Amino acid sequence: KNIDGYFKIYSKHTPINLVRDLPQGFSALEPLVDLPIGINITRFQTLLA
Amino acid sequence: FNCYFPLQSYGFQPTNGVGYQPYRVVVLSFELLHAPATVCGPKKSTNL
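Residues numbered from 1 in each chain as written, not as in the entry; some residues may be left out. Chains lettered and ligands numbered in written order. Part of a larger assembly, values for the part shown. Heavy atoms only, no water.

- Determination of this PDB entry was carried out by cryo-EM to a resolution of 4.40 Å, according to the record.

1. Considering the pattern of salt bridges
Residues and elements named next belong to chain A.
Right, so step 1: Applying the stated criterion to the full structure yields one salt bridge over all chains.
Right, so step 2: The partner of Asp34 in a salt bridge is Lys8, and the shortest N-O contact between them spans 2.9 Å. Linking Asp34 in strand β3 (residues 30-36) with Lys8 in strand β2 (residues 6-11), this pair joins segments that are 26 residues apart in sequence.
Right, so step 3: In this structure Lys8 comes out as buried when scored by relative accessible area, which is 18%. (Salt bridge = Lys/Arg side-chain N within 4 Å of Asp/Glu carboxyl O. Helix = DSSP H or I, 4+ residues; strand = E, 2+ residues; numbered from the N terminus. Buried < 20%, exposed > 50% of the residue type's maximum accessible area, 1.4 Å probe, protein only.)

2. Some thoughts on a nonpolar patch on the surface
Residue and element names in this part refer to chain A.
Right, so step 1: Residues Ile9, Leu32, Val33, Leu35, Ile37, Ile39 and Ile41 make up a contiguous nonpolar surface patch of roughly 590 Å² in combined accessible area.
Right, so step 2: At three residues, the largest contribution of residues to the nonpolar patch is made by β3.
Right, so step 3: The residue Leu35 is located in strand β3 in this model. (Patch = residues over 30% accessible without salt bridge, like charges linked within 9 Å, V, L, I, M, F, W, Y side chains within 5 Å. Areas by Shrake-Rupley, 256 points an atom, 1.4 Å probe, with all protein chains shown as cover.)

3. Regarding the layout of surface pockets
The method is simple in principle: a probe with the dimensions of a water molecule rolls over the atoms, and the space it marks as empty is what remains.
Residues and elements named next belong to chain B.
Right, so step 1: Computed from the structure, the largest pocket encloses a volume of approximately 290 Å³.
Right, so step 2: Around the largest pocket, the lining residues are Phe30, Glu31, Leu32, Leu33, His34, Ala35, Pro36, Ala37, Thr38 and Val39.
Right, so step 3: Considering only residue class, the lining of the largest pocket consists of seven nonpolar, two polar and one charged. (1 Å grid on protein atoms, 1.4 Å probe; cavity = no way out; pocket = protein on both sides within 12 Å on 5 of 7 lines; lining within 4 Å. Points joined across faces, edges and corners; volume = space filled by probe spheres on them. Nonpolar A, V, L, I, M, F, W, Y, C, P; charged D, E, K, R; others polar.)

4. Examining the sheet that holds β3(A)
Residue and element names in this part refer to chain A.
Right, so step 1: If you walk across this open sheet you meet the three strands as β1-β2-β3, and the pairing is antiparallel. Two strands in the sheet have a free side with no partner beyond their single neighbour: β1 (2-3) and β3.
Right, so step 2: As paired elements, β2 and β3 share six bridges and run antiparallel to each other. Paired with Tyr6 across the bridge in β3 is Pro36. (Pairing = 2+ DSSP bridges.)

5. Overview of the packing of aromatic side chains
Residue and element names in this part refer to chain B.
Right, so step 1: Here the structure, examined in full by the defined rule, presents one aromatic pair over all chains.
Right, so step 2: Pairing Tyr10 with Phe12 gives two aromatic rings, centres 5.1 Å apart and planes at 50°, and the pair type is tilted.
Right, so step 3: On the basis of relative accessibility, which here comes to 66%, the residue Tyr10 falls in the exposed class.
Right, so step 4: Of the residues examined, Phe12 reaches a relative accessible area of 42% and is grouped as partly exposed. (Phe/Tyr/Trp six-rings, centres within 6.5 Å; stacked < 30°, edge-to-face > 60°.)

Set out below in C-alpha coordinates:
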(Lines give C-alpha, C1' and ligand atoms only; values in the text may rest on other atoms or scores of the structure.)
Protein backbone atom coordinates (compact mmCIF):
# COMPACT_ATOMS: atom_id res chain seq x y z
CA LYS A 1 0.00 0.00 0.00
CA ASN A 2 0.92 3.66 -0.47
CA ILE A 3 0.04 6.25 2.18
CA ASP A 4 1.38 9.80 1.68
CA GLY A 5 4.34 8.48 -0.30
CA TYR A 6 5.09 5.84 2.35
CA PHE A 7 5.26 2.32 0.89
CA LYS A 8 3.99 -0.28 3.37
CA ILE A 9 4.66 -3.98 2.75
CA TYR A 10 3.11 -6.67 4.95
CA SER A 11 3.67 -10.39 4.43
CA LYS A 12 2.96 -13.81 5.91
CA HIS A 13 4.18 -17.30 5.02
CA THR A 14 2.34 -20.52 5.86
CA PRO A 15 2.62 -24.22 4.97
CA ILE A 16 -0.16 -25.61 2.77
CA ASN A 17 -0.84 -28.86 0.91
CA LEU A 18 -2.93 -28.06 -2.18
CA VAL A 19 -2.30 -27.66 -5.91
CA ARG A 20 -5.77 -26.92 -7.33
CA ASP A 21 -6.81 -23.56 -5.83
CA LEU A 22 -6.34 -21.41 -2.74
CA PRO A 23 -6.82 -23.34 0.53
CA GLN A 24 -9.62 -21.72 2.51
CA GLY A 25 -8.49 -20.37 5.86
CA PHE A 26 -7.60 -17.35 7.96
CA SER A 27 -4.15 -15.81 8.37
CA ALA A 28 -2.94 -12.40 9.52
CA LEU A 29 -0.11 -10.30 8.06
CA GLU A 30 2.30 -8.61 10.44
CA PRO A 31 3.89 -5.23 9.58
CA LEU A 32 7.22 -5.90 7.88
CA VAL A 33 8.49 -3.04 5.67
CA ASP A 34 7.85 0.71 5.71
CA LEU A 35 9.80 2.80 3.18
CA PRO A 36 9.58 6.64 3.08
CA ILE A 37 10.37 6.99 -0.63
CA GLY A 38 7.51 9.05 -2.06
CA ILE A 39 7.23 7.55 -5.55
CA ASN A 40 3.83 7.75 -7.23
CA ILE A 41 3.15 4.14 -8.26
CA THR A 42 0.26 3.21 -10.55
CA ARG A 43 1.35 -0.14 -12.05
CA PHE A 44 3.41 -3.16 -11.06
CA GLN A 45 4.70 -6.47 -12.41
CA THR A 46 6.18 -9.75 -11.18
CA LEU A 47 9.23 -11.78 -12.22
CA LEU A 48 9.52 -15.56 -11.87
CA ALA A 49 12.51 -17.84 -12.51
CA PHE B 1 47.30 34.54 -28.84
CA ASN B 2 43.72 35.48 -27.89
CA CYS B 3 43.12 31.79 -27.04
CA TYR B 4 43.91 30.99 -23.40
CA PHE B 5 43.31 27.84 -21.39
CA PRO B 6 39.97 27.87 -19.52
CA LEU B 7 41.42 26.39 -16.32
CA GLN B 8 44.41 27.69 -14.36
CA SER B 9 46.35 25.98 -11.59
CA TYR B 10 46.63 26.90 -7.91
CA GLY B 11 50.14 27.84 -6.82
CA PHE B 12 49.99 26.13 -3.44
CA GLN B 13 53.29 26.43 -1.56
CA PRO B 14 53.94 26.12 2.19
CA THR B 15 55.95 29.37 2.12
CA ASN B 16 53.08 31.54 0.84
CA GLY B 17 50.75 33.70 2.90
CA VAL B 18 47.49 32.75 4.58
CA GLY B 19 45.49 34.21 1.69
CA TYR B 20 47.10 31.72 -0.72
CA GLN B 21 46.78 28.59 1.43
CA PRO B 22 44.30 25.87 0.41
CA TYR B 23 41.02 25.99 2.32
CA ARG B 24 38.54 23.11 2.43
CA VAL B 25 34.95 24.36 2.28
CA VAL B 26 31.80 22.26 2.67
CA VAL B 27 28.31 23.67 2.04
CA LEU B 28 25.45 21.76 3.70
CA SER B 29 22.22 22.65 1.90
CA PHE B 30 19.02 21.19 3.37
CA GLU B 31 16.01 20.53 1.12
CA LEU B 32 12.54 19.80 2.53
CA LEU B 33 9.82 18.95 0.01
CA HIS B 34 6.36 17.46 0.61
CA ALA B 35 8.02 14.03 0.83
CA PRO B 36 8.43 12.46 4.29
CA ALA B 37 11.62 13.46 6.06
CA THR B 38 14.31 10.79 6.28
CA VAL B 39 17.24 12.64 7.91
CA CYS B 40 15.91 13.63 11.33
CA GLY B 41 17.28 14.87 14.64
CA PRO B 42 19.04 12.53 17.07
CA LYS B 43 16.63 13.24 19.97
CA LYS B 44 18.99 12.27 22.78
CA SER B 45 17.28 10.13 25.42
CA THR B 46 17.51 10.18 29.21
CA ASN B 47 17.53 7.56 31.94
CA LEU B 48 14.40 5.66 32.96
